[PDB]
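Report on one structure; see the data block that follows.
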Amino acid sequence: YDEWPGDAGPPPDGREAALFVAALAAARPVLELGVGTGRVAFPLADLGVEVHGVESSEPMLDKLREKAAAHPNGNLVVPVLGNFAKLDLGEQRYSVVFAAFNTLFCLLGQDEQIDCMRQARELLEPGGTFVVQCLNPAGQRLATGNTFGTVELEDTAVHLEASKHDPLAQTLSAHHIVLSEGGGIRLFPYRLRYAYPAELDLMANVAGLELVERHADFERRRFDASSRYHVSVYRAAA
Amino acid sequence: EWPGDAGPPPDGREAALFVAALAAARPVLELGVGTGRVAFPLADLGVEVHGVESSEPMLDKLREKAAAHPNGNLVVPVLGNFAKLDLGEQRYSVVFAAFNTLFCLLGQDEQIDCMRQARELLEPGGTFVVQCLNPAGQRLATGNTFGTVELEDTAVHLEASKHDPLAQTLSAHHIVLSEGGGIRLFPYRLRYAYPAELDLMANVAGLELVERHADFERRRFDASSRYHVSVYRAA
Amino acid sequence: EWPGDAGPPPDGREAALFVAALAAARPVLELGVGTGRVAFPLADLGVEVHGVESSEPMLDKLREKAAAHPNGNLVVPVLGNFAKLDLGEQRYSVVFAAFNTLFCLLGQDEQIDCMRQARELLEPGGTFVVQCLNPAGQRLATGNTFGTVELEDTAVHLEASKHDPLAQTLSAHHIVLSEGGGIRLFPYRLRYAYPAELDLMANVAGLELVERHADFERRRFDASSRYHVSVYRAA
Amino acid sequence: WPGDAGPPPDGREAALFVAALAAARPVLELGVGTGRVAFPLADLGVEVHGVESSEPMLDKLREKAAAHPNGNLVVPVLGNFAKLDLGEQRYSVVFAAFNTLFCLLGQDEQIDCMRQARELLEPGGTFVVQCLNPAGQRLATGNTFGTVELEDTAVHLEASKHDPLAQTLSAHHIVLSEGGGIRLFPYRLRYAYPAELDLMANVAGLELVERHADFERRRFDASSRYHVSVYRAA
Amino acid sequence: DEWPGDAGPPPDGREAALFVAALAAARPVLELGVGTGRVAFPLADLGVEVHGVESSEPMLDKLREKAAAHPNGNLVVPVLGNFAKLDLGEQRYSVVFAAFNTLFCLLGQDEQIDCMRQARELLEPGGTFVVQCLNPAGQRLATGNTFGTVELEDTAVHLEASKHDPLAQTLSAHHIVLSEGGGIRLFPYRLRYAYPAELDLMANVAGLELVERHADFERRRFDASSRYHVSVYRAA
Amino acid sequence: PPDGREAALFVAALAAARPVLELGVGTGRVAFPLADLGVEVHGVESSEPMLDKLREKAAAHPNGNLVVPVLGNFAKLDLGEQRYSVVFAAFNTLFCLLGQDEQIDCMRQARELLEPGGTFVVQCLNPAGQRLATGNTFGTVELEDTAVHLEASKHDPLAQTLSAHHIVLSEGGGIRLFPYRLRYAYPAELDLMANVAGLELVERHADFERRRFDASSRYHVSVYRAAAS
């Protein structure tokens, strides 16, 4: 997993995400929700930024502890355990709290996501920002009901996707499928609950945040109806 | 009005029954009462209806039929805005907006404000009722579209529209083409909301969802429902 | 006399040849003869053609051209119904209905009845020939549609239609918009049938399918064929 | 199987619908399967004779029939309905649920089946079928591939070929399992449009008395994925 | 140039000028299908001499009118002729350009190759040929006939009825304007488009080679989803 | 495609008694029906293994001597002074060359190997009729009792390339992947390419039975001649 080629692997914007976050970090520490294997954390370390990466899954949090011990700048990465819904980190404050590539949408409810957003706000220093990267429903052009599609092709394996979309609950439930020459089959299930921009902004408001800027990606490209994703930056409200 | 699906939904009477069943003997407030498609059927059930409208002229066409209607004394025409809603200490058992009325306010802010005003005009246990297009069931294409609304013997009813899925706005022209060279255009604008969003909006306005149907006959509501009927109570 | 796809299919002559090859130098019957699009090309081949038409006035435009046509005495105009009638002891080698004529009868029953009447007017070995839209090939959307039929320098030919896949009916307006503000509307209705159904209908009427093509030039008929030409015999 | 991968969850509803039409007399189910509808019918005190051509299933019916409280009201019949002789036995209801009628790969075979059903009806008896509604089904021409259902450790997919002329569906229900397991379950259908189906019924000496979208009697329209149709003798 | 939003001409008149100017040297530039000078006049503001070819006289004259009333109007030189039927003598240009589907107004592959060749032969050394063309892939054009909404005004709608032949690669359409009050105006047009790979081969035959391709005159990156493309060609 | 006997008939009816050249002879899909028809076929390849299954079957085939197996590369072929009445490439063979340049070169080489009045024949997928979606797709190709045949592909409408895997899922867990790549061309483009290569289009059909070619045709069969004076 995460060693997959092309579109099967994670978006190749790790470096770009780091630069975007670093530019908002007052040379002070940042908090990544869903740090994963550190696709963004390490590039941030290469820039001299202290990264506290939260991950509810102790399993792969260790692989981070493992890549960090092998990474030239892995000490600037502080592995943290908790829930994006139950973040209790004391009097520690951050200049940036961010959740990349649909992390926020891993919380399977509007309530849970508002709560996560509030928790983020309360962990921000004055002038601090909350940054999220989310799929943009309008640009995704998601069909109603079930679909099946080709994600990526390798010489000896195909990457397919089977998914169920409920446009009411606004949930995506899918399997990433890997068919291998020789009969191998591996299934990687995942669930998302997405939100439309207008909704997401209202959610932020309830959580005491206000939108300050929105882009299509971390390189600050213009965001429009056809953008597959959006990068949103929030500040503490009035 | 116009025939078939060119005219207003034929659920005027069903709407009345649904609202009446929620009327604890006190009066109700219709936002965008129009010509009284629901107001008059409501009078036939012995319910007092205060109907708000900003369209001054169309409000006059209402008074005319009110004097000529057996139960016309039950319809109280009230000019103003779904925003200028300053009706004193008067309180209602039901405040309702039928057939996309709420979505005539071209903004999330304006709609939340309208919802809040509605709440503050409710008596204890009162309910706020809206009928809205359901985006999922509507299957709205991105950008511009053109379609056939209805057919008459001597005219066609067409629609040209622009949909912005970000702003969540519909801007359209109802077009009537008549044999002999007649063309009439009726422009309208909507700003819609998804159920999940609409509910959060209600929350901010101090309302909470109590029930949701596909129509006024209480049919199941699901992803394929073209419309929804939502009932809200005070938080 | 409308250009391109706006007017009737340009296969008038081909239709004649196809029918003639089935005519035992004996007379044929066209249902919905119209202005003789197939009738006159048929006379040029020396085939006696009886033609039925309900429309009294449009049948007159036929008589006019019959007197001015070299072989005009070969076209015999008949007033009556595409349905219930009485043509006496006259029998035909071919009875045919071109370009959706059969589908002008707005019901399965009426169409079976028409088919039966056709059978009973056939001499021994005679054939019943129909040209019908092929639903599979038409790829007809459910509900309402609007599309471009044809373009002229100074006019456009558009179509607004309603499709009910249950009743299997098409109800449309052919629309002509002219530079200068002119609007003309030409309404029509069809009730179509799928091949499998149509064949069962023929069976009930005492007919059996002998051959099916995509057109009058005997091109292979398949799922993508927009139309079909079917030939039936007595059973 | 789970979700949409399994058989429709309306076994209970199908039973009630049939029971309401059964003159407290015995009914005949064509394609009883594992008894998805038969047993619920037994729970309502209705005697169900179940015809089934699949031997792996007819015996499994017997297995559950012995272990079921009301199993004694289910009378299994192994074999092809077209060739089975039921004698002077008559039924109040003959029914075929979930596309059973469309398992006969021809219009002729289906009309014949309908006729056999009519002749086995007592006076005032009814023939009931549940069939996919082509208009609501929105079936694409040619080949298609789609997701049927998702499990934690398996996906349920479908590969199918549709011939809109022959009005046939030929498909494989595919199950991909974590670990490399692949199971294929082929099936074929020959469907009919409502207008056609009704004409077929007429030829078979039946006439339509009512049509619903499902066994709960919801209104049938162009968007209905399925239909439930009830026929009487002429 | 009067119609609003998506109905009017693309609002990139000025950007086009800037892009062409950056490629213009000493000798003038040649616009094929100059129209009302949507790009010509903005080009004069940058001090570039424009020779504008056109065959439509009910519009070439409307150009001269604005040229006399424009501060830098002496920089716009109106010409009557055909993109593939005019010898301009020994005059040479630093840039020859055809904006907004002009090249696709010639209803054939042959006529277009010929136009491209004519353009090449009018280029000074190091001169460039620039075209702006719809990109079929990004355009997502349906087969056969279509009808759609182009734009909305308060008192009128702008509609389009078209016929697309994917074999001949032709578009034949009517821009329709329906006005409150019963007014109907029809504006017919025809295009023959080319795919990028094809267009490049055409340029090769005409003795041109592709030097750069963008999505628009602001040099945005061209990809499969780009509705249009801006292509720059040099002599072989 | 089951039109081999038809591909043979089509080529044969253009060959007369002079020899023909098949590009991408493969396992002899087309060659033998031509041989069974008395036609001499020089077949070209570059992959030596797949050519042996032909040689193997050539010795075991009654008319196996009429099939002459050969080696080289389409764009650059050194076949000496040998000339052919027909040079043909069936089932998207031309589109196996992953570039417009390579394909034009192949077409030129084909022209130069034609005797006077000879013809170049190609069978190609028709983009308009294929209705190919942009980006990635997955579809059902065929069904067996114990296996399904699926397809996963990526389509780049700009490069006009198709990259796919033919997938075979078997009862019991077996999975077999057969990757392939194509670079296709639109008819108008293909014709211009032919012109550059000194060829001109003489006729175009939907298939080898000479059916009508139109926008909806999934494929086309095109015949080219050495361009007019």
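Because the Cβ atoms are built from the backbone with ideal geometry, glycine has one as well, and the counts that use them run over all protein chains shown. Read-outs throughout are calculated quantities, based only on the coordinates presented, and are distinct from any laboratory measurement.
Side notes on the structure shown:
- Averaging the Cα positions of each part gives two centres, and for the range A:50-91 and the range E:40-56 these lie 62 Å apart.
- Taking every residue in A:104-112 and counting other chain Cβ atoms within 10 Å of its Cβ, the average works out to 1.
- Cβ-based exposure ranking for A:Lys86, A:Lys67, in which fewest neighbours within 10 Å come first: A:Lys86, A:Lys67
- If you take all other residues with their beta carbon under 13 Å from the beta carbon of C:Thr127, and give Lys and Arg +1 and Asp and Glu -1, the sum is +2.
- GluC sites (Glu not before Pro) restricted to DSSP loop in the range F:152-229 with at most 16 other C-beta within 10 Å: F:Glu171, F:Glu209
- Over the range C:134-193, relative contact order from alpha-carbon pairs under 8 Å, at least 6 apart, %: 26 percent
- For chain A, radius of gyration divided by Kirkwood radius, i.e. Rg to Rh on alpha-carbons: 0.96
- Overall size of the protein assembly as shown from C-alpha positions, given as principal axis extents largest first: 99, 95, 73 Å.
- Kirkwood hydrodynamic radius of the range D:133-192, from inverse mean 1/r over distinct Cα pairs, in Å: 12.5 Å
- Within chain B, helix-based [θ] at 222 nm, where runs of 4 or more DSSP H residues each add -39,500 (n - 2.57), nearest 500: -6500 deg cm²/dmol
- Whole-Å distance, taken between Cα centres, linking the range C:89-128 and the range B:144-214: 47 Å
- Translational diffusion of the range C:1-101, estimated by Stokes-Einstein from the Kirkwood radius over alpha carbon pairs at 25 °C in a medium of 0.890 mPa s, is 178 µm² per second.
- Cβ-to-Cβ counts within 10 Å put E:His174, F:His166 in ascending order as F:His166, E:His174, the fewest first.
- Shown for C:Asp222, C:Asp153: other C-beta atoms within 10 Å of each C-beta, ranked fewest to most, produce the order C:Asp153, C:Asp222.
- Global geometry of the range F:17-92, whether rounded, prolate or oblate, following the gyration tensor of its Cα atoms and the 1.5 cut on a/c: oblate
- Average beta carbon contacts from partner chains per residue of C:142-154, 10 Å cutoff: 6
- Surrounding net charge for D:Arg218, when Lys and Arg each add one and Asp and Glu each subtract one, Cβ distance under 13 Å: -2
- Largest-first principal axis extents, alpha carbons of the range C:169-235, Å: 56, 26, 19
- Square roots of five times the Cα gyration tensor eigenvalues for chain B, Å: 28, 23, 16
- Gyration tensor verdict on the range B:134-193 (Cα atoms; rounded if a/c is under 1.5, prolate if a/b is larger than b/c, oblate otherwise): prolate
- Spatially proximal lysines relative to A:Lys63 (Cα-Cα < 27 Å; intrachain offsets below 8 disregarded): A:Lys86
- Inter-chain neighbour count for F:155-163: the average number of beta-carbon atoms from partner chains within 10 Å of each residue's beta-carbon is 4.
- Long pairs among A:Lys164/D:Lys161; E:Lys62/E:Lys85; B:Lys162/E:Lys163; F:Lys76/F:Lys154, criterion Cα-Cα beyond 24 Å: F:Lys76/F:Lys154
- 10 Å Cβ shell holding at most 14 others, DSSP loop, GluC sites (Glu not before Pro): longest site-free stretch of chain D: D:89-215
- Fraction of antiparallel bridges per DSSP, the protein assembly as shown only, in percent to nearest 5: 70 percent
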